2 protein chains.
Amino acid sequence: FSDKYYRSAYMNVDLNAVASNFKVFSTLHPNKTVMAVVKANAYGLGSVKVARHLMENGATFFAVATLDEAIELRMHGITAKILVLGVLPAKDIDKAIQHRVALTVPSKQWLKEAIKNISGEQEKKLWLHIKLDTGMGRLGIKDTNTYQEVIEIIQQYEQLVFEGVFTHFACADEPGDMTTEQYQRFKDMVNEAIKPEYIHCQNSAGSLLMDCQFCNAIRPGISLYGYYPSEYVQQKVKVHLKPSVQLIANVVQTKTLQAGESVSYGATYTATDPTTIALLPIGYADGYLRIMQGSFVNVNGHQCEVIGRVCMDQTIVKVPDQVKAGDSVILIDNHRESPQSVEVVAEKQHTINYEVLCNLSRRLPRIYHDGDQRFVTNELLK
Amino acid sequence: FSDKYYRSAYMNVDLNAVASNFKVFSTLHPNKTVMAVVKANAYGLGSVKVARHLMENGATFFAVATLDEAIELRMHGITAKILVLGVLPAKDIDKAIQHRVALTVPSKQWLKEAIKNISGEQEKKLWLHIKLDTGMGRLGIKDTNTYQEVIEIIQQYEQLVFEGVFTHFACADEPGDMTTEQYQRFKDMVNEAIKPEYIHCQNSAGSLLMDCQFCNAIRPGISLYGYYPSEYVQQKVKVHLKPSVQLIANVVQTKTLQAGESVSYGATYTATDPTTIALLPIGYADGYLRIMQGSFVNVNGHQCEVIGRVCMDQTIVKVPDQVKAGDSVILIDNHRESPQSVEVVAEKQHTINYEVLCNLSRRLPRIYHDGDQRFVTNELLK
Ligand SMILES: *Cc1c(COP(=O)(O)O)cnc(CCC#C)c1O
Ligand SMILES: *Cc1c(COP(=O)(O)O)cnc(CCC#C)c1O
Ligand SMILES: [Cl-]
Ligand code: NA
Ligand code: NA
Ligand code: NA
Ligand code: NA
Ligand code: NA
Ligand code: NA
């Protein structure tokens, strides 16, 4: 029954906006493969639906964080190339081979362990992308000799393929020399060995700000979904990105508080004079976190304050008398210049747009728009 | 049956602890039905597994927030009584009837609309619990005349059953007279009409701090899972609750930063002298939010600082030289007196324990423990 929902709170996900943003990247980098980053459930949009729609618009390569994410894509019909960006436990190597998923090599020791765990039951090629650390300081190979040795090991085993090499920028969304230094260091390492088929270093910020002619693939994530990685990037670039997400809830009913009556846990809001309130069927278990108290939402065109504590499943809003049961409320709006933009919500949460999206929980249905056609995913009813 | 998982980051969920906490409440209130609150996926633990286990230990009644949650329980074999605590859209009334789910009545107008939407295709009884507002100030009937009229409407339709009446405390977890006042107001209203089968007002805090002899059912949520609703409640009561959750990740690999090398986005941590770091395969898309930077985690017995920005899928920790790949890291510990307790994590997040648990995302497998038996749910592969 996963195409039905029974509470009027949901995310609208505009797949046409996503496809449009993908085309912007394709057009900016016409000689590169766009390796769409759909990790973390496509940043809360739903990786299965996003990846399927992107394949219909010409995507041929995805990146995810974990093998679970890659297998989830394979099980739901994705036949594109997939790279797992995290480090797979070596004992699970045969599953990556079986499912035709490319893996990240973080170190020489990982590769040696992976080789020891290949049983021979899965005989297909293992596709490998070697990760270089050029300044991010997480896992990755830092020295050129190690990079060369890993390639030489791969060359001694017919089953192992050196498919790609990559790095990742730490500060591409802010001004400074770090990004150019990382890119030059990447080239310096990659130029000391045979070149693989895929060479990639650019996230959304990198892809929006630099050509990087040396690379032949890019890895945009957040900007596919229609968000600039930072304000600095938005200010620097001319390309228009289309926000893909709205968060909507309908007023269940309105109620009148009299002077001296409080609302919600802790009695943290008390009416001074007759005040109309609206109850919304959404709360912090949906990802509309407690810190959202004091924000404004858009109730049928009116800017209305969230008052009292946000509850697990319910949120209270102070509203004008015209507001009635069934009115639509936009809590996250699909426009950057909006008091309900993802960025404004991120500022209220003292965080970044990425986290606002990731917070949106499994309890929210996703309602996908593709042209006239509409599709609903409700994870609870799987 | 049991799912596989391919990244070493997970939640341990101790079902024995949950059953033990349920028994504490049954023993505190031996003449009451314990209506176990398993809304929001049992506060992140997994409502299907929790509810099944509680039924095996004598639970006969659950409460959830939404009809989707109730149907999810029914589809996975739960045959207990279930009350939806939120307001169902009136158009969906036949689905509640079909699935034998009790509904909350918030107002006379809702009931009239619900009645208009009953088609006759589902002929089974519709079980109703009337919600009274005694101070919480959300939806609910606040006046006695309206309460009586709603009961009189229910009495005109053979299909409709007045099964229960309830209210909810705003401030039961803090000192003050509000809770006693609400309880007396509840009794004053309920005593003006015929009494239904179920009479309930106590959440975890209410159940721990008051007998409420007038009521014949209680609605504990967070304390079933082993957490006190507040520090005040913990300080006031002698009953020991057993925490049910650990959040675990294994070190993928360690690495040495030299002086002047930075880590993660924004280069927000720079080593002053040779520093060993560990990479953990968990991040803010898992619910370990960015604000956790600067916290301590427990790496194989050693207290270790989270350094640099927490990423979507990866977290960096500063570690002693003894730490190696594969070491277990406790990020949330199943002990209240711990620097990794849920309450300490909640303080770092500037929130409450409830939200820390709700934040734990669908990407984390839940590994259930029942004695020596172990069972895994991994939503990505479901
Ligand atoms: C998430 C991520 C991206 C996309 O970043 P945004 O465009 O959303 O800012 C690109 N590359 C990697 C690989 C790093 C590794 C391993 C990501 O993790
Ligand atoms: C969540 C909730 C509970 C349980 O609260 P805790 O024990 O976890 O503090 C009890 N009752 C209601 C009904 C309110 C309504 C409608 C809950 O929503
Ligand atoms: Cl990295
Ligand atoms: Na080879
Ligand atoms: Na190129
Ligand atoms: Na709460
Ligand atoms: Na009746
Ligand atoms: Na980030
Ligand atoms: Na979350």
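All chains are named by letter (A, B, ...) in the order of the sequence lines, taking the proteins before the strands, and each is independently numbered beginning at 1. Side chains included, hydrogens not; waters and symmetry mates left out as well; all remaining heavy atoms used.
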- Is there side-chain contact between A:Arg100 and A:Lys125, with heavy atoms separated by less than 4.5 Å? yes
- Should the heavy atoms of other residues, nucleotides or ligands under 6.0 Å from NZ of A:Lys187 be counted, would the total exceed 12? yes
- Got a donor-acceptor contact below 3.5 angstrom from the A:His76 side chain to the A:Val48 backbone? no
- Message: Please give me the minimum heavy-atom distance between B:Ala325 and B:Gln253, naming the atom from each residue.
- Response: CB-OE1, 3.8 Å
- Note on the structure: To the nearest 0.5 Å, atom CD of A:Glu152 lies from atom CG of A:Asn145 at 9.5 Å
- Item | side chain to side chain contact (heavy atoms under 4.5 Å, CB included) between A:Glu343 and A:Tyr227, intermediate numbers included | CA-CA 9 Å; A:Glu343 287 73 27; A:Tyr227 310 97; 3.9 Å; yes
- Answer whether the closest heavy-atom distance between the side chains of A:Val245 and A:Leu357 falls below 4.5 Å. yes
- Query: How about B:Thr275 and B:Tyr269: do any of their side-chain heavy atoms sit closer than 4.5 Å?
  - Reply: yes
- Answer whether the closest heavy-atom distance between the side chains of A:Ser223 and A:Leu208 falls below 4.5 Å. yes
- Task: Step through the shown structure and confirm whether more than 12 heavy atoms of other residues, nucleotides or ligands are within 6.0 Å of CD on B:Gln303.
- Result: yes
- Nearest 0.5 Å, what's the OG-CG distance between A:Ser341 and A:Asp333? 8.0 Å
- For A:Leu132, does its backbone N or O pair with a side-chain atom of A:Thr167 as donor and acceptor, under 3.5 Å? yes
- Will you find, in the side chains of A:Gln184 and A:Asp188, an N or O donor that is under 3.5 Å from an N or O acceptor? yes
- Task: Can you establish whether the number of heavy atoms outside A:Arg52 located under 6.0 Å from its atom CZ is more than 12?
- Result: no
- Is there a side chain to side chain contact (heavy atoms under 4.5 Å, CB included) between B:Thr315 and B:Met292 once you walk through the steps? CA-CA 10 Å; B:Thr315 296; B:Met292 298 311 289; over 6 Å; no
- Going through the distances and angles, do A:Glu163 and A:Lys81 end up as a salt bridge (charged side-chain N to carboxylate O under 4.0 Å, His left out)? CA-CA 11 Å; A:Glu163 183 174 85; A:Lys81 291 186 153 290; 2.7 Å; yes
- Which heavy atom in A:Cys171 sits nearest to a heavy atom in A:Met178, and how many Å separate them? SG-SD, 3.7 Å
- Would A:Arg336 and A:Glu231 pass as an ion pair if we require N to O under 4.0 Å? yes
- Message: Checking B:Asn300 against B:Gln322: is there a side-chain donor and acceptor pair closer than 3.5 Å?
- Response: no
- Message: Pair A:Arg138, B:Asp313 - check salt bridge (charged side-chain N to carboxylate O under 4.0 Å, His left out), show working.
- Response: CA-CA 11 Å; A:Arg138 298 185 306 180; B:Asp313 321 302; over 6 Å; no
- Message: Any non-hydrogen side-chain atom of A:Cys215 less than 4.5 Å from a side-chain atom of A:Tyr183?
- Response: yes
- Task: State, yes or no, whether a side-chain contact exists between B:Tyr5 and B:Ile367 at a heavy-atom distance under 4.5 Å.
- Result: yes
- Heavy-atom check, side chain of B:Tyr288 versus side chain of B:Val306, under 4.5 Å: yes
- Task: For the pair A:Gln148 (side chain) and A:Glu192 (backbone), establish whether a donor and an acceptor sit closer than 3.5 Å, ignoring hydrogens and angles.
- Result: yes
- Message: Assess, by modelled atom type and distance only, whether the side chains of A:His129 and A:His200 contain a donor and an acceptor separated by less than 3.5 Å.
- Response: yes
- Side-chain ion pair, A:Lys236 and A:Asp173, N-O less than 4.0 Å: no
- Whether B:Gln314 side chain and B:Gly283 backbone form a donor-acceptor pair below 3.5 Å: no
- Item | B:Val323 and B:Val251: CA distance, side-chain angles, deciding distance, side chain to side chain contact (heavy atoms under 4.5 Å, CB included) verdict | CA-CA 9 Å; B:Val323 169; B:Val251 172; 4.2 Å; yes
- Should we count NZ of A:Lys195 as having more than 12 external heavy atoms under 6.0 Å? yes
- Item | Heavy atoms of other groups near A:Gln155 CD, more than 12 under 6.0 Å | yes
- Message: Please report the interatomic distance CG(B:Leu280) to CD1(B:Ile248), rounded to the nearest 0.5 Å.
- Response: 11.0 Å
- Query: Does the pair A:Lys95 and A:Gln98 meet the rule for a side chain to side chain donor-acceptor pair (under 3.5 Å), with working shown?
  - Reply: CA-CA 5 Å; A:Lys95 281 285 164 191; A:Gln98 181 187 356; 2.9 Å; yes
- Item | Residues B:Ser295 and B:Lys348: side-chain donor-acceptor under 3.5 angstrom | no
- Task: For the pair A:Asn203 (side chain) and A:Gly206 (backbone), establish whether a donor and an acceptor sit closer than 3.5 Å, ignoring hydrogens and angles.
- Result: yes
- Task: Not counting sequence neighbours, list each pair that qualifies as a ring-ring contact (aromatic ring centres under 6.0 Å, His included) and has a residue in residues 22-42 of chain A.
- Result: none
- Task: Decide yes or no for A:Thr104 and A:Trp110: does some side-chain heavy atom of the first lie under 4.5 Å from some side-chain heavy atom of the second?
- Result: no
- For the pair A:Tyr43 and A:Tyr225, name the ring-plane relationship: parallel under 30°, tilted 30 to 60°, perpendicular over 60°. tilted
- Message: Pairing donors with acceptors under 3.5 angstrom, does anything connect the side chains of A:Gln182 and A:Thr134?
- Response: yes
- Are B:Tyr265 and A:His168 close enough that their ring centers fall under 6.0 Å? yes
- Query: Which heavy-atom pair separates A:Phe62 from A:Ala51 by the least distance, and what is that distance?
  - Reply: CZ-O, 3.3 Å
- Should the pair B:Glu379-B:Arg363 be classified as a salt bridge under the 4.0 Å nitrogen-to-oxygen rule? no
- Message: Rounded at 0.5 Å granularity, tell me how far CZ in A:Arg185 sits from NZ in A:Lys142.
- Response: 9.0 Å
- Can any side-chain N or O of A:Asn353 pair as donor or acceptor with the backbone N or O of A:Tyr228 at less than 3.5 Å? yes
- From the options B:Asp286, B:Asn378, B:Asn250, select the one residue that forms a side chain to side chain donor-acceptor pair (under 3.5 Å) with B:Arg7. B:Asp286
- Task: Determine yes or no for a side-chain-to-main-chain donor-acceptor pair under 3.5 angstrom, with A:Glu69 supplying the side chain and A:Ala65 the backbone.
- Result: yes
- Message: Atom CD of residue position A:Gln213 - does it have more than 12 heavy atoms of other residues, nucleotides or ligands inside 6.0 Å?
- Response: no
- Item | Salt-bridge criterion met for A:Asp133 and B:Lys255 (N-O under 4.0 Å) | yes
- Would you name the heavy atoms of B:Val356 and B:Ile332 that are closest together and state the gap between them? CG1-CD1, 4.0 Å
- Got a second to check how far B:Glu355's CD is from B:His350's NE2, nearest 0.5 Å? 12.5 Å
- Task: Measure the spacing between CZ of A:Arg366 and CE of A:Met11 and express it to the nearest 0.5 Å.
- Result: 4.0 Å
- Query: In this structure, are over 12 heavy atoms from other groups packed under 6.0 Å from A:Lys32 atom NZ?
  - Reply: yes
- Message: Is there a side chain to side chain contact (heavy atoms under 4.5 Å, CB included) between A:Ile222 and B:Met312? Walk through the geometry before answering.
- Response: CA-CA 12 Å; A:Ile222 205 182; B:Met312 193 169 307; over 6 Å; no
- Query: Under a 4.0 Å N-O cut-off, is there an ion pair linking A:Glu149 with A:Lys108?
  - Reply: yes
